[PDB]
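Just below is one structure, and these are the notes that go with it.
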Amino acid sequence: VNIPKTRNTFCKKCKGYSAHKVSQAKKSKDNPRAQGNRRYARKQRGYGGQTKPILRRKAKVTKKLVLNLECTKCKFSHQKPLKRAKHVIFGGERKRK
Amino acid sequence: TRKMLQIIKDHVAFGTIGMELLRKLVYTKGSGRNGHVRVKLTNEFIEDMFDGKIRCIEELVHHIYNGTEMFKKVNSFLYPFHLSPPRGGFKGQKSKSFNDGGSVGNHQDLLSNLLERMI
Amino acid sequence: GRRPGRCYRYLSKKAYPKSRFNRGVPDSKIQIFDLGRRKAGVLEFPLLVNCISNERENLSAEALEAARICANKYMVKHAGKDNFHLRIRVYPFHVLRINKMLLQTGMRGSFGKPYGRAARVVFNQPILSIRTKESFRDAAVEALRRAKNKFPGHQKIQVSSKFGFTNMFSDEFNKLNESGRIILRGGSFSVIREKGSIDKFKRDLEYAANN
Amino acid sequence: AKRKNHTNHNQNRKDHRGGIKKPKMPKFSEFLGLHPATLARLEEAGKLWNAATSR
Amino acid sequence: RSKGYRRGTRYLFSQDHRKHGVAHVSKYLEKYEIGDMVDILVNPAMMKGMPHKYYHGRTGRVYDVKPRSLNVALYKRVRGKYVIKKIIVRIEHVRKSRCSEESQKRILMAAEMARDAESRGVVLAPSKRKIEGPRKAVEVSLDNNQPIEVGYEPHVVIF
RNA sequence: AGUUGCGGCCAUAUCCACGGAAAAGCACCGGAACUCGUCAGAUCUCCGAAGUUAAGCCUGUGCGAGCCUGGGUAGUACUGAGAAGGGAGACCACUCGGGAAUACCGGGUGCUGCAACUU
RNA sequence: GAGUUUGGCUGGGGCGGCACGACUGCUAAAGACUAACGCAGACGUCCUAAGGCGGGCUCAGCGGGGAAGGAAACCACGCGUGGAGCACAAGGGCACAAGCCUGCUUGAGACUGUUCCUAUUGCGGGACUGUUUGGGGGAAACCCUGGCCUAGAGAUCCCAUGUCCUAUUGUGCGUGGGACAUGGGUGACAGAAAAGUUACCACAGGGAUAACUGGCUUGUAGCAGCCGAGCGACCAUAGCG
RNA sequence: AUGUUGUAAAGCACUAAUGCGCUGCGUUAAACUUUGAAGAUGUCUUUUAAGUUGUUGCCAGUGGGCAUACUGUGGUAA
Ligand SMILES: [Zn+2]
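Residue numbers (the entry's author numbering), protein chains in the order written: chain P2, 2 to 98; chain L7, 121 to 239; chain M0, 2 to 103, 111 to 219; chain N9, 2 to 56; chain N1, 2 to 160.
Here it is, written out as structure tokens:
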């Protein structure tokens, strides 16, 4: 897959069409004060070993490709998912007819 | 009704009957209906069901014999006849077809020499 | 080993031909279907003798090759090499299968593999035919009698009233041959109808008077 | 272990007991997702449906 | 045997031998109204708006009209009862149904003479059809049309 | 009575050979400063009216190829509903119903709608 | 040294294969539905164009011609119903096109509702409407919410990002919680966190299921017939076949 | 009254096969179809025959089947 680096499309802040920049979105860190991590950490103290299963038996190579669309005015972002796509390229070098 | 008879032809015997044998059915084995209830054919029960109309048994027989456009009401007023077996038997396999030598199917105008031994 | 003949005698509902889903099929054992002089003219051999089927069954490719040799050798010894034309009329298109239990798997996975070939045959179908002269009649009726000892079941031998291998009755062919409507070239024939251009119709009359 | 897989035997006799009944068509007030051009003339559009499925 | 949407339709969705090509123009000029009967009949050359193969050859009743489309209502059997279904079909897979031609020209003439009877006062509604009856009578004549003498005729064979 | 403009149904209208045609039309046809487009005014776009019915369009002909519709093939092949029929089987028969298909023969060869114009 | 686990289908089980999720043609008996460790194949991808729209064109192949030029180079005339192409399996579809060349573009926009496969039912994949202080192509009618159509698919609980809200004695907060929408994954694909051995062995059952006899069957095994090409110095049958 | 279908049979118009004669004669098809039944299957009209149901409450057993007439598939066959 080869995708361009800019696009004109609708911005929900400006409420019209403008120019955006394109890149790939990614996951941040988990933080230790969210109530799920709080709950999981008090359960693992003391004696007992592993509580809470962890997955073996995996089958998948790819992940969905999710785009980041960043408006050059108002600096507003929105995300957008696409299909599986092993390889991704954002620069270019368009294939010539 | 001719198509419907083509569907049940391996279980019944059908055909044509004259007027002297039709009078001998209704006077010997005839009854009426009050709706699921079986009543005897008297002159008084006949007037109550056909008010300004038929008043005797001989009038019922002469509407059936012709078309006469009272056919449908007179035929629904009658109760089915329950006959005996024929004296002498059947003379055949009896589940064979008539044109093949049995008793089931169309006897067209020779139906009278089986029906007269069952009354 | 070649299983006995009673294992593949009777017809399945559908034929199983060699074609592009099958691909592993052995070659047919009969390769010649036309013997004798085979280039004679249509007027030369007027008589036709057939062998007709009284069964519905398969005919092995081995039985067709064995009956051809048996019938050719008799006509060459009693009639003469250039005095008959013999034709086989069946062609074995159907393929046979075997399940091949050589301690094996049993009835598990039992769709079988290609084994041999046969021709399918129906009531009143011809199997062998001979056209010859009117004098070698008893030689042709005796050659075909020896050859149906190679086939299973019942078959009949008939002398027909058609003209040779034309598929046309003897007396219709004759009164069209007197009106000059039959073009006779080496081996084959042709009829002339009253259907096309009038110019094209009258060249045909000129061919049918010379050729 | 190894048993039968599938049959339609007896299933026509079950489906036919008590007849095979038909419901009744709605009354045109029950249809959803109608176009705005029909919502305008709703009074005389219901006449065409209600008088054809109950005629 | 698998269960995709166009499962097992090699012969059902095919053109019919020197009848290829896209829909003709008169198929866009028909006028549809609420309450009409229509036949569903797929054209395999038009990809859009087509219904499932179950409905090919069924007759339905129109309950709404869109700018490019129709809504049709009809019955489907599911093992022991019937159920109402709502189909969305484009105008290219539909044609007017002639299934009510007999019943409409008969009910028209009935009300025709009804108005022509009230004009004269003498009227009567009952005009039911009747089934074909036994047989009337015949008067066959042999002044011409001489008989032909048929029979059993012995059996012949040619081979 | 026709032709032309815009059509519906889409071969009885298509394909191949020869011929005909009054008035209009429809064309072919003469050019390149402007508009537009090419290697090329051949096609496409602009401006014209000397010439010609040679072609295209329209109409006739042909024991013409195709297509359309009938007959024969034939009450044949196959088949819905039955019955303790025959046969080692493969399969054949009987009663009441429905019913095809090449090869061969005959006849046909567009039908219509709205508008403008022509002695 | 302790506690525990070491799937299923299956012409017995095991080894092998996957008929365990899912697409196309046939088996399938002219509406739909219809089985086998039945037959023949394909799937976990690929594409900023191979997506959208405007315009102009005609393909495989054949016939007659042209310096070096040959079986195959390129120019060019007359024909060509598709006999070619259209990411991939197969089927269906298509000619002033859905194929080839070419111009401009990011509709592969933001939201919202009805319906089909499809039901007693979730997820998923398609079809059709509406609303926009919204686009692209085109003179315009008109078309466009990915790929010519039928495959390319992932719950509960938890975490990450965005929009709208919020912590009950009052007010804030560099500390948290929620609704809705997307992504992180369970291929045994309605989704446990899991290695072997027992001939030292145990218990609940099973003729729903093997290892001996009987019964049905006869491929294989054994024993027989029919034909008449040849052999037998001559001579088909003395004997052979 | 008016729609839908591609089997049996048959056939060579397309795809795949098959012998000769130098235009005809000969042989084929579950994954071929120019044709094409018997039978099935939609809708309108009781203003056709013949006949005479609607709504809802609380709940059980069952989810190893087998035979046969006609009709298929695998198997030499049972
Ligand atoms: Zn912005």
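Each residue gets a CB set at the ideal place from its N, CA and C atoms; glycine is no exception.
Exercise. Give the secondary structure of residue 37 (chain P2) by DSSP, where H, G and I count as helix, E and B as strand, and everything else as coil.
Key: helix
Quiz item: Under 9 Å Cβ-Cβ, which residues of chain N1 neighbour residue 2 (chain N9)?
Solution: Here the premise fails: no neighbours, minimum Cβ distance about 26 Å.
Self-check item: Limits of the unbroken alpha helix (DSSP H) element including residue 34 (chain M0)
Solution: That residue, residue 34 (chain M0), is in no alpha helix (DSSP H); it is neither H nor E in DSSP.
Self-check item: C-beta contact flag for residue 159 (chain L7) and residue 152 (chain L7) at 7 Å
Solution: yes
Self-check item: Assigned exposure category for residue 15 (chain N9) - 16 Cβ within 10 Å defines buried
Solution: exposed
Quiz item: Expressed to the nearest angstrom, what Euclidean distance is found between the alpha-carbon atoms of residue 136 (chain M0) and residue 18 (chain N1)?
Solution: 40 Å
Exercise. Sort out for me which residues DSSP pairs residue 82 (chain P2) with in a bridge.
Key: 67 (chain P2)
Practice problem: Taking only heavy atoms of ligand 1 into account, decide whether any of them is closer than 6 Å to the Cβ of residue 14 (chain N1). | Solution: no
Quiz item: What residue does the alpha helix (DSSP H) around residue 64 (chain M0) start on, and which one ends it?
Solution: 62 to 79
Quiz item: What do you reckon, is the C-beta of residue 11 (chain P2) under 6 Å from a heavy atom of ligand 1?
Solution: no
Quiz item: How about residue 65 (chain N1): is its C-beta nearer than 7 Å to some C-beta of chain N9?
Solution: yes
Quiz item: ligand 1 heavy atoms versus the CB of residue 1 (chain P2): any closer than 6 Å?
Solution: No answer is possible for residue 1 (chain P2): it lies beyond the span of chain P2, which begins at 2 and ends at 98.
Quiz item: Checking contacts by CB at 7 Å: is residue 46 (chain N9) closer than that to chain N1?
Solution: yes
Quiz item: Where are the beta strand (DSSP E) runs, 3 residues long or more, that stay fully inside the region 168 to 203 of chain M0, in chain order?
Solution: 190 to 192 and 197 to 199
Exercise. Run down chain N1 in chain order and give the residues with a C-beta less than 8 Å from the C-beta of residue 49 (chain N9).
Key: 34, 35 and 36
Quiz item: Where does the unbroken alpha helix (DSSP H) through residue 37 (chain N9) begin, and where does it stop?
Solution: 37 to 41
Quiz item: Closer than 6 Å: is that where the CB of residue 32 (chain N9) sits relative to any heavy atom of ligand 3?
Solution: Here the bound small molecules are ligand 1; ligand 3 is not part of this structure.
Quiz item: Is the region 27 to 34 of chain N9 touching the region 43 to 54 of chain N9 in the sense that three or more CB pairs, one from each, lie closer than 8 Å?
Solution: yes
Exercise. Could you say if the region 172 to 185 of chain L7 and the region 224 to 239 of chain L7 meet the contact criterion of at least three C-beta pairs nearer than 8 Å?
Key: no
Quiz item: Do we get a CB-CB distance below 7 Å when we pair residue 35 (chain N9) with the residues of chain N1?
Solution: yes
Quiz item: If the cut is a Cβ gap below 9 Å, which residues of chain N1 does residue 28 (chain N9) touch?
Solution: Under the 9 Å cutoff, chain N1 gives no residues; its nearest Cβ is about 11 Å from residue 28 (chain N9).
Exercise. Would you check if the distance between the CB atom of residue 30 (chain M0) and the CB atom of residue 63 (chain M0) is smaller than 7 Å?
Key: yes
Quiz item: Nearest to residue 70 (chain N1) by CA position, among 51 (chain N1), 141 (chain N1), 81 (chain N1) and 124 (chain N1), is which residue?
Solution: 51 (chain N1)
Self-check item: Cα-Cα separation between residue 48 (chain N9) and residue 124 (chain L7), rounded to whole angstroms
Solution: 41 Å
Quiz item: Going along the chain, which unbroken runs of the beta strand (DSSP E) with 3 or more residues stay wholly within the region 127 to 158 of chain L7?
Solution: 151 to 153
Quiz prompt | residue 156 (chain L7) to residue 143 (chain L7) span [Cα, whole Å] | solution = 24 Å
Quiz prompt | Below-7 Å beta-carbon distance, residue 163 (chain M0) vs any chain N1 residue | solution = no
Quiz item: Any heavy atom of ligand 1 closer than 6 Å to the Cβ of residue 100 (chain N1)?
Solution: no
Quiz item: Within the chosen definition, does the region 131 to 147 of chain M0 reach the region 133 to 146 of chain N1 through at least 3 CB pairs nearer than 8 Å?
Solution: no
Quiz prompt | Cβ neighbours of residue 107 (chain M0) in the same chain (closer than 8 Å, five flanking residues each side left out) | solution = No atoms are given for residue 107 (chain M0), which sits in the stretch of chain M0 between 103 and 111 that the model skips.
Quiz item: At least one CB of chain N1 closer than 7 Å to the CB of residue 41 (chain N9): is that the case?
Solution: no
Quiz item: Of the residues that make up the region 140 to 170 of chain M0, which ones have a beta carbon closer than 8 Å to any beta carbon in chain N1?
Solution: 166, 168 and 169
Exercise. Indicate the three-state DSSP secondary structure (helix, strand or coil) for residue 58 (chain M0) in the structure shown.
Key: strand
Self-check item: Residue environment, residue 26 (chain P2), which counts as buried when at least 16 other CB atoms sit within 10 Å
Solution: exposed
Exercise. Using three-state DSSP, classify residue 239 (chain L7) as helix, strand or coil.
Key: coil
Exercise. Can you tell me which of 55 (chain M0), 40 (chain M0), 8 (chain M0) and 70 (chain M0) puts its alpha carbon nearest to the alpha carbon of residue 32 (chain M0)?
Key: 70 (chain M0)
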